[PDB]
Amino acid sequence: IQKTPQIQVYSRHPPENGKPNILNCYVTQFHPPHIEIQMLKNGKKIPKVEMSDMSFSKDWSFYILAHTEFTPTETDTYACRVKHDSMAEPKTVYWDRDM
């Protein structure tokens, strides 16, 4: 039995163009615990991405928080990409500063 990850991408603080911030990728509801998480800026892998320890929920599913420093601009695009065996292909989720 496999559980498909849910994903949220969002800033630690309300974004302000030109202001240093933190971009989070919160991944939950997955099983098995092996997972591969990338964050992307304008289509290219961000090299320095940190990971919380992995934990699990009452329903046994695992969750983890990936995060990276970033300074949003009006036009830069950010995403989080997740590869997990419950999914045929990696799932990508774009940052939306309104969400």
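For clarity, a rigid core is taken as the largest C-alpha set superposing within 1.5 Å between two forms. Sequential numbering from 1, following the sequence displayed.
Root mean square Cα distance to the shown form, taken over structures and residues in 7 other deposited structures of this protein after a core fit, is higher for 53-61 when 53-61 and 30-38 are compared.
When the mean C-alpha temperature factors of 89-97 and 1-9 are read from the deposited coordinates, 1-9 comes out higher. Annotation for 70-78 versus 43-51: the higher mean temperature factor (C-alpha) is found in 43-51. In the PDB entry, residue 57 places in the highest third of its chain by CA B-factor.
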